[PDB]
$ cat upload_20.pdb   # PDB, C-alpha atoms
ATOM      1  CA  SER A 124       5.427   6.802  -8.959  1.00  0.00           C
ATOM      2  CA  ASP A 125       2.727   6.849  -6.317  1.00  0.00           C
ATOM      3  CA  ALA A 126       2.284  10.613  -6.258  1.00  0.00           C
ATOM      4  CA  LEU A 127      -0.883  11.070  -4.223  1.00  0.00           C
ATOM      5  CA  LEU A 128       0.049  14.680  -3.517  1.00  0.00           C
ATOM      6  CA  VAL A 129       1.456  17.765  -5.314  1.00  0.00           C
ATOM      7  CA  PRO A 130       3.098  16.490  -8.549  1.00  0.00           C
ATOM      8  CA  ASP A 131       4.537  19.069 -10.953  1.00  0.00           C
ATOM      9  CA  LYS A 132       3.359  22.691 -10.660  1.00  0.00           C
ATOM     10  CA  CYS A 133      -0.243  21.882  -9.792  1.00  0.00           C
ATOM     11  CA  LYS A 134      -1.528  21.361  -6.259  1.00  0.00           C
ATOM     12  CA  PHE A 135      -2.986  17.915  -5.746  1.00  0.00           C
ATOM     13  CA  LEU A 136      -5.675  17.604  -3.112  1.00  0.00           C
ATOM     14  CA  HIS A 137      -6.216  13.867  -2.963  1.00  0.00           C
ATOM     15  CA  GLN A 138      -8.268  13.251   0.165  1.00  0.00           C
ATOM     16  CA  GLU A 139     -11.049  10.826   1.028  1.00  0.00           C
ATOM     17  CA  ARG A 140     -13.996  12.310   2.890  1.00  0.00           C
ATOM     18  CA  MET A 141     -16.085   9.316   3.998  1.00  0.00           C
ATOM     19  CA  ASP A 142     -18.400  11.823   5.671  1.00  0.00           C
ATOM     20  CA  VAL A 143     -20.180  13.610   2.848  1.00  0.00           C
ATOM     21  CA  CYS A 144     -21.938  11.975  -0.120  1.00  0.00           C
ATOM     22  CA  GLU A 145     -22.687  13.984  -3.255  1.00  0.00           C
ATOM     23  CA  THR A 146     -22.648  13.733  -7.027  1.00  0.00           C
ATOM     24  CA  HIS A 147     -19.464  13.980  -9.115  1.00  0.00           C
ATOM     25  CA  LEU A 148     -20.527  17.547  -9.908  1.00  0.00           C
ATOM     26  CA  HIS A 149     -20.748  18.582  -6.244  1.00  0.00           C
ATOM     27  CA  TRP A 150     -17.231  17.439  -5.345  1.00  0.00           C
ATOM     28  CA  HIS A 151     -16.092  19.010  -8.600  1.00  0.00           C
ATOM     29  CA  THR A 152     -17.517  22.326  -7.441  1.00  0.00           C
ATOM     30  CA  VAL A 153     -16.361  21.985  -3.816  1.00  0.00           C
ATOM     31  CA  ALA A 154     -12.925  21.036  -5.098  1.00  0.00           C
ATOM     32  CA  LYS A 155     -12.838  23.832  -7.670  1.00  0.00           C
ATOM     33  CA  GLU A 156     -14.246  26.309  -5.151  1.00  0.00           C
ATOM     34  CA  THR A 157     -11.569  25.502  -2.555  1.00  0.00           C
ATOM     35  CA  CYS A 158      -8.865  26.090  -5.179  1.00  0.00           C
ATOM     36  CA  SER A 159     -10.527  28.997  -7.039  1.00  0.00           C
ATOM     37  CA  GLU A 160     -11.261  30.724  -3.699  1.00  0.00           C
ATOM     38  CA  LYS A 161      -7.506  30.979  -3.461  1.00  0.00           C
ATOM     39  CA  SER A 162      -5.157  31.516  -6.373  1.00  0.00           C
ATOM     40  CA  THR A 163      -5.488  28.188  -8.213  1.00  0.00           C
ATOM     41  CA  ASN A 164      -7.624  26.500 -10.881  1.00  0.00           C
ATOM     42  CA  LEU A 165      -8.786  22.866 -10.996  1.00  0.00           C
ATOM     43  CA  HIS A 166      -7.403  20.952 -13.948  1.00  0.00           C
ATOM     44  CA  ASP A 167      -7.425  17.279 -12.888  1.00  0.00           C
ATOM     45  CA  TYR A 168     -10.302  16.481 -10.521  1.00  0.00           C
ATOM     46  CA  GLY A 169     -11.099  13.016  -9.237  1.00  0.00           C
ATOM     47  CA  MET A 170     -13.777  11.482  -7.047  1.00  0.00           C
ATOM     48  CA  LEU A 171     -13.202   8.348  -4.984  1.00  0.00           C
ATOM     49  CA  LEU A 172     -14.917   6.383  -2.189  1.00  0.00           C
ATOM     50  CA  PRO A 173     -18.207   5.773  -4.079  1.00  0.00           C
ATOM     51  CA  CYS A 174     -21.281   6.301  -1.934  1.00  0.00           C
ATOM     52  CA  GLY A 175     -24.075   5.716  -4.411  1.00  0.00           C
ATOM     53  CA  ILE A 176     -24.709   5.220  -8.108  1.00  0.00           C
ATOM     54  CA  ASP A 177     -23.703   8.835  -8.744  1.00  0.00           C
ATOM     55  CA  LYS A 178     -22.503   9.849  -5.281  1.00  0.00           C
ATOM     56  CA  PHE A 179     -18.983   9.680  -3.890  1.00  0.00           C
ATOM     57  CA  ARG A 180     -17.006  10.590  -0.787  1.00  0.00           C
ATOM     58  CA  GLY A 181     -13.490  11.151  -2.096  1.00  0.00           C
ATOM     59  CA  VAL A 182     -11.903  13.988  -4.059  1.00  0.00           C
ATOM     60  CA  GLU A 183      -8.530  14.197  -5.841  1.00  0.00           C
ATOM     61  CA  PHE A 184      -8.075  17.516  -7.645  1.00  0.00           C
ATOM     62  CA  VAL A 185      -4.945  19.121  -9.044  1.00  0.00           C
ATOM     63  CA  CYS A 186      -5.169  22.921  -9.218  1.00  0.00           C
ATOM     64  CA  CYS A 187      -2.326  25.113 -10.504  1.00  0.00           C
ATOM     65  CA  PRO A 188      -1.485  28.625  -9.234  1.00  0.00           C
ATOM     66  CA  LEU A 189      -3.178  31.409 -11.187  1.00  0.00           C
TER      67      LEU A 189
END

$ encode --input "upload_20.pdb" --output "structure tokens"
Amino acid sequence: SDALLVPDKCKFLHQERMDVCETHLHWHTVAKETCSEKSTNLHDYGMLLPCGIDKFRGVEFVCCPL
């Protein structure tokens, strides 16, 4: 049940970006923006690869078509 990609009807964008390092809010926005810029909305966002106390490098968001 290791679904690290598109599960049901939502699009899962589970990718680790060990390049950038921002707060949970930044990746949330970048993630939401990437989906909202298209025809989808972020429902289940996730941030991996911790970089700092509040910073990360990974993002795992599931956005459904709207």

$ closest_residue --input "upload_20.pdb" --among "A:176, A:126, A:133, A:168" --to "residue 153 of chain A" --atoms "all atoms listed in the file"
A:168

$ residues_around --input "upload_20.pdb" --residues "residue 137 of chain A" --least-positions-apart "3" --cutoff "7 Å" --atoms "all atoms listed in the file" --output "list in words"
residues 127, 128, 182, 183 and 184 of chain A

$ resolve_selection --input "upload_20.pdb" --expression "the PyMOL selection byres ((chain A and resi 156-167) around 6)" --output "PyMOL selection string"
chain A and resi 152-155+168+184-189

$ atom_distance --input "upload_20.pdb" --atom1 "atom CA of residue 177 of chain A" --atom2 "atom CA of residue 146 of chain A"
5.3 Å

$ resolve_selection --input "upload_20.pdb" --expression "the PyMOL selection byres ((chain A and resi 142) around 10)" --output "PyMOL selection string"
chain A and resi 139-141+143-144+174+179-181

$ atom_distance --input "upload_20.pdb" --atom1 "atom CA of residue 131 of chain A" --atom2 "atom CA of residue 148 of chain A"
25.1 Å

$ atom_distance --input "upload_20.pdb" --atom1 "atom CA of residue 151 of chain A" --atom2 "atom CA of residue 134 of chain A"
14.9 Å

$ build_atoms --input "upload_20.pdb" --residues "segment 134-148 of chain A" --atoms "N, CA, C and O atoms" --output "PDB file, in the frame of the given file"
ATOM      1  N   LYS A 134      -1.326  21.810  -7.626  1.00  0.00           N
ATOM      2  CA  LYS A 134      -1.528  21.361  -6.259  1.00  0.00           C
ATOM      3  C   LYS A 134      -2.545  20.239  -6.233  1.00  0.00           C
ATOM      4  O   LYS A 134      -3.697  20.434  -6.603  1.00  0.00           O
ATOM      5  N   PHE A 135      -2.111  19.071  -5.806  1.00  0.00           N
ATOM      6  CA  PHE A 135      -2.986  17.915  -5.746  1.00  0.00           C
ATOM      7  C   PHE A 135      -3.615  17.797  -4.369  1.00  0.00           C
ATOM      8  O   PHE A 135      -2.918  17.761  -3.355  1.00  0.00           O
ATOM      9  N   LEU A 136      -4.929  17.736  -4.346  1.00  0.00           N
ATOM     10  CA  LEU A 136      -5.675  17.604  -3.112  1.00  0.00           C
ATOM     11  C   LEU A 136      -6.420  16.283  -3.140  1.00  0.00           C
ATOM     12  O   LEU A 136      -7.625  16.236  -3.367  1.00  0.00           O
ATOM     13  N   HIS A 137      -5.671  15.212  -2.941  1.00  0.00           N
ATOM     14  CA  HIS A 137      -6.216  13.867  -2.963  1.00  0.00           C
ATOM     15  C   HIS A 137      -6.580  13.435  -1.552  1.00  0.00           C
ATOM     16  O   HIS A 137      -5.728  12.940  -0.810  1.00  0.00           O
ATOM     17  N   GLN A 138      -7.833  13.624  -1.172  1.00  0.00           N
ATOM     18  CA  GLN A 138      -8.268  13.251   0.165  1.00  0.00           C
ATOM     19  C   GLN A 138      -9.643  12.599   0.140  1.00  0.00           C
ATOM     20  O   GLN A 138     -10.542  13.034  -0.580  1.00  0.00           O
ATOM     21  N   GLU A 139      -9.794  11.553   0.939  1.00  0.00           N
ATOM     22  CA  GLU A 139     -11.049  10.826   1.028  1.00  0.00           C
ATOM     23  C   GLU A 139     -11.887  11.341   2.191  1.00  0.00           C
ATOM     24  O   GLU A 139     -11.454  11.314   3.343  1.00  0.00           O
ATOM     25  N   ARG A 140     -13.084  11.799   1.881  1.00  0.00           N
ATOM     26  CA  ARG A 140     -13.996  12.310   2.890  1.00  0.00           C
ATOM     27  C   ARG A 140     -15.188  11.370   3.027  1.00  0.00           C
ATOM     28  O   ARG A 140     -16.245  11.608   2.442  1.00  0.00           O
ATOM     29  N   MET A 141     -15.016  10.298   3.796  1.00  0.00           N
ATOM     30  CA  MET A 141     -16.085   9.316   3.998  1.00  0.00           C
ATOM     31  C   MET A 141     -17.165   9.857   4.939  1.00  0.00           C
ATOM     32  O   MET A 141     -17.763   9.108   5.712  1.00  0.00           O
ATOM     33  N   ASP A 142     -17.408  11.156   4.852  1.00  0.00           N
ATOM     34  CA  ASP A 142     -18.400  11.823   5.671  1.00  0.00           C
ATOM     35  C   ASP A 142     -19.546  12.329   4.810  1.00  0.00           C
ATOM     36  O   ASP A 142     -20.717  12.097   5.103  1.00  0.00           O
ATOM     37  N   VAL A 143     -19.192  13.042   3.749  1.00  0.00           N
ATOM     38  CA  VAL A 143     -20.180  13.610   2.848  1.00  0.00           C
ATOM     39  C   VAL A 143     -20.428  12.673   1.664  1.00  0.00           C
ATOM     40  O   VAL A 143     -19.612  11.802   1.370  1.00  0.00           O
ATOM     41  N   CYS A 144     -21.571  12.831   1.008  1.00  0.00           N
ATOM     42  CA  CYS A 144     -21.938  11.975  -0.120  1.00  0.00           C
ATOM     43  C   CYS A 144     -22.724  12.756  -1.165  1.00  0.00           C
ATOM     44  O   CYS A 144     -23.932  12.936  -1.027  1.00  0.00           O
ATOM     45  N   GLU A 145     -22.040  13.220  -2.205  1.00  0.00           N
ATOM     46  CA  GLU A 145     -22.687  13.984  -3.255  1.00  0.00           C
ATOM     47  C   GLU A 145     -22.296  13.489  -4.632  1.00  0.00           C
ATOM     48  O   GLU A 145     -21.465  12.590  -4.773  1.00  0.00           O
ATOM     49  N   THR A 146     -22.906  14.089  -5.640  1.00  0.00           N
ATOM     50  CA  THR A 146     -22.648  13.733  -7.027  1.00  0.00           C
ATOM     51  C   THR A 146     -21.263  14.206  -7.462  1.00  0.00           C
ATOM     52  O   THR A 146     -20.665  15.078  -6.828  1.00  0.00           O
ATOM     53  N   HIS A 147     -20.770  13.630  -8.558  1.00  0.00           N
ATOM     54  CA  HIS A 147     -19.464  13.980  -9.115  1.00  0.00           C
ATOM     55  C   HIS A 147     -19.358  15.487  -9.352  1.00  0.00           C
ATOM     56  O   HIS A 147     -18.278  16.064  -9.262  1.00  0.00           O
ATOM     57  N   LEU A 148     -20.488  16.113  -9.657  1.00  0.00           N
ATOM     58  CA  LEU A 148     -20.527  17.547  -9.908  1.00  0.00           C
ATOM     59  C   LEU A 148     -20.315  18.345  -8.625  1.00  0.00           C
ATOM     60  O   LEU A 148     -19.642  19.374  -8.641  1.00  0.00           O
TER      61      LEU A 148
END
